[PDB]
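Undergrad: this one's sequence-less:
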């Protein structure tokens, strides 16, 4: 059986978002890519660099916002601009959210030498697409 | 020059006087900024009356002329700042300094007009004297883009609107706002506190004087786009709405309060 | 703090090869021709042999940049097949999708 | 009442419309003027009101790219010229005008001219390294009976 | 009522140097999403028509690069997963536009270039004969 990036139904109680509820063979069909850059296009270079940067950004935003990210990040690259769009819970205080936004933006901009921006969309709770 | 400027910045007025004496002993020539620092140090050093301070300032200006040192906007800005200490007497020479600026060709900046307005803002009735200065200042600034020239420029609008709120002149407030909303002049609005105070006074005056329809239009345009209203401002808005018997929006205002 | 000592060895090899790349290029260019005298080519041979072993670019191995897997690494993404499959299946890689035709 | 910009003045200064505009850039940058420029900047400083101003500020600081995109922007190849890159025979001065050494150096110079990645300085470095190597190997070259040194 | 009383126009300067003449620009945009390319084509076409630039549009045939990887970890050679990358192309052919117009249009359409879309613009530049080519040495 295929065990890759799938959520197995056990009791119809586990809540899953839209991303988790869809198997990989649905990426081109029901859930667009979580990252958008030109590196993987035809004739374009630096695909590996973009992949490594995306992995580091995901692992860094996951730990910088512990228990706050509702779903996986969305990374967009436009020229040298990098935009991280994150769905976040409303558990933490807004002061801490703004502190983390400023800190993460400045640190990522200085680390990757690109004008990083971070857009947070707040939700009361993790949106449940279905139960498994 | 730099020793005098630093000692004036650190309020070492006696030490600044000693440096001036040493400069005179060396028989060297300072520059315009040094003379401005010397004027500030002389004014702030002692609590003498207006006559001595004004005589010393005039003597320093004549000495600067003798030293072949040309004036600048900083000179008149510091002159007005020093004369602010003696409002009653300084109300007269302020116009003389302004006319000196005009004759030399040194166009007064936003900070110069702000200092003139502050000098005319003597504790008491402003209609007696500020009415002779604020309209002329607005006419001079009308339809004129500005550039940052003096550190106090950003204050101007705030102060102006404050005294505008004192004069209850809706047209003057509109002219001041249009001056602010002309080209890049909005960038001279100042820090967060100055912006909040300016917008609070402006909206309070609008609620007090303007028609309730245009008052609500300004309420939508400025709040919360420009600033978050204070409780007193919302109280004044409620009073204006009650006067205009348009009570139907009172719950909505409460929603806005929430 | 590389993944394993093998990745550390490969990093050392890459750095040393980059350091000695120009000297190797010049000596090899002296060697790889039929114009210069054979004795000069022989002394160039002994010179290039005298260079450190780890400076040879052939010793550089394209390991996965996240798990140090020596084989099954796609050159475009510099990732092993397992890690690349994981990232693509989660959709974290732009453009890459399951192929059905 | 009446205009207040005309009338009696202090009458101390003259009609000197020209301020201290003499050039004094040869002096070292004074800390005082540098710090006063910060006061002026703070006077003109305001927080961003919309995205376009953010982009303008980023471009001014150099963080953003300068559209339309120039793939060679910020690069000048040490200010070289095409004739410097291509015609490298001028550097072949110490090498003999004929013989196997000249032919090999001709091949090297042609290859370097074909190279679009190395800078002119790097090509000169390669040529000079070959020159020094051949100078060091003068005895072997003379034993092999090819003209050099 | 809070409209600005007077706006400031950006500084535009006219240089005595003759403007560059561009016969044809081929803005070839590559992407992974056909709808995104369609929207960008609509944007570029509307912008060019509003700027009075002669523009045609066509779609070069798409490319699909496919590769194959082992599905399992240790040994299941018979079972594989096939991945593909789709590069869809849209070519905008602009004709008879000057250097300043080309620069401003390219800046406008590149600043608004969507993420995941790459651009390859080729500028055919009209030139006159060099001074030394009219007659021999």
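TA: Done, it's in. Numbering: from 1, shown residues only, chains lettered A, B, ... in the order given.

Undergrad: make it CA atoms for all contacts and neighbour counts henceforth
TA: Will do.

Undergrad: so which residue of chain D comes closest to chain A?
TA: residue D:63 (6.1 Å; CA to the nearest CA).

Undergrad: Likewise for chain E?
TA: residue E:116 (4.4 Å).

Undergrad: Counting neighbours, what do you get for residue E:36?
TA: 15 (other CA atoms under 10 Å in any protein chain shown).

Undergrad: can you pull the contacts of residue 126?
TA: Reading this off chain A. Contacts for residue A:126 (CA atoms under 8 Å, 6 or more residues apart in numbering or on different chains) come out as A:17, A:70, A:71, A:89.

Undergrad: try again with chain E
TA: With contacts defined as CA under 8 Å, 6+ apart, the neighbours of residue E:126 are E:20, E:21, E:22, E:23.

Undergrad: Out of these, which is nearest to residue E:106?
TA: Among the contacts of residue E:126, residue E:22 lies closest to residue E:106 (CA to CA), at 12.6 Å.

Undergrad: In space, what's closest to that closest one - neighbours in sequence excluded?
TA: Spatial nearest neighbour of residue E:22, excluding adjacent residues (CA to CA, 6 or more residues apart in numbering or on different chains): residue E:125 at 4.5 Å.

Undergrad: name the element the one you found belongs to?
TA: Residue E:125 belongs to strand E:118-126 when assigned by DSSP states H and E.

Undergrad: Then residue A:75?
TA: Secondary-structure element containing residue A:75, defined by DSSP H and E: strand A:74-78.

Undergrad: what's that strand packed up against?
TA: Contact partners of strand A:74-78 among helices and strands, from 3 or more CA pairs under 8 Å, 6 or more residues apart in numbering or on different chains; DSSP states H and E: strand A:35-36, strand A:81-89.

Undergrad: Just checking: what are the partner strands of it?
TA: Strand A:74-78 pairs in its sheet with strand A:35-36 (parallel), strand A:81-89 (antiparallel), by DSSP bridges.

Undergrad: How far away from the center of its chain is the first one?
TA: In terms of CA atoms, centre = their mean, to the nearest Å, the centre of strand A:35-36 is found 9 Å from the chain centre.

Undergrad: Same question for stretch A:37-45.
TA: 20 Å.

Undergrad: Leaving out the residues flanking it, which one is nearest to the residue most central in space within chain B?
TA: Nearest to the geometric centre of chain B sits residue B:114, at 2.0 Å (CA atoms, centre = their mean). Once flanking residues are discounted, residue B:114 sits nearest to residue B:156: 4.5 Å by CA to CA, 6+ apart.

Undergrad: mind listing what the one you found touches?
TA: B:110, B:111, B:113, B:114, B:115.

Undergrad: again, only this time at 7 Å
TA: By CA atoms under 7 Å, 6 or more residues apart in numbering or on different chains, the contact list for residue B:156 reads B:110, B:111, B:114.

Undergrad: How many residues are close by the first one?
TA: Close neighbours of residue B:110, defined as other CA under 10 Å, add up to 24.

Undergrad: Neighbours of residue 93, how many?
TA: Defaulting to chain A. If you count neighbours by other CA under 10 Å, residue A:93 ends up with 8.

Undergrad: that's the wrong chain, I meant chain C
TA: For residue C:93, using other CA under 10 Å, the count is 26.

Undergrad: Return the residues in contact with residue B:76.
TA: Taking CA under 7 Å, 6+ apart, one finds residue B:97 in contact with residue B:76.

Undergrad: Which strand or helix spans it?
TA: Counting by DSSP H and E, residue B:76 is part of helix B:73-83.

Undergrad: After that helix, which helix or strand is next?
TA: helix B:87-104.

Undergrad: The residue nearest to residue B:114 and residue B:77: what is the separation?
TA: Per CA to CA, to the nearest Å, residue B:156 is found 13 Å from residue B:77.

Undergrad: try residue C:20
TA: As defined by CA to CA, residue C:20 lies at a distance of 66 Å from residue B:77.

Undergrad: ok, now residue B:187?
TA: Residue B:187 is 21 Å from residue B:77, by CA to CA.

Undergrad: Which one of the two is surrounded by more residues?
TA: Using other CA under 10 Å as the criterion, residue B:187 and residue B:77 rank with residue B:77 on top: 24 against 19.

Undergrad: re earlier: would you mark the buried spots in the strand holding residue A:75?
TA: A:74, A:75, A:76, A:77, A:78 (16 or more other CA atoms under 10 Å in any protein chain shown).

Undergrad: Could you verify that residue E:30 is part of a strand?
TA: Yes. Judged by DSSP: H, G, I helix; E, B strand; the rest coil, residue E:30 forms part of a strand.

Undergrad: Surely residue E:99 touches residue E:22?
TA: Yes. Judged on CA atoms under 7 Å, residue E:99 makes contact with residue E:22 at a distance of 6.3 Å.

Undergrad: and the gap between residue B:47 and residue B:85?
TA: 10 Å.

Undergrad: quick one: which of the two has more around it?
TA: residue B:85 (16 against 10).

Undergrad: Okay, and which of the contacts of residue B:156 map to helices?
TA: B:110, B:111, B:114 (DSSP state H).

Undergrad: ok, now which ones touch the nearest residue in space to the second one that is not next to it in sequence?
TA: On the basis of CA to CA, 6+ apart, the spatially nearest residue to residue B:111 that is not a chain neighbour turns out to be residue B:153, at 3.9 Å. With CA under 7 Å, 6+ apart as the criterion, the residues that contact residue B:153 are B:110, B:111, B:188, D:43.

Undergrad: what kind of secondary structure is the third one in?
TA: Here residue B:188 is helix, with the state taken from three-state DSSP.

Undergrad: sorry, back to before: which of the contacts of residue A:126 sits closest to residue C:39?
TA: Nearest member of the contacts of residue A:126 to residue C:39, counting by CA to CA, is residue A:71, at 69.2 Å.
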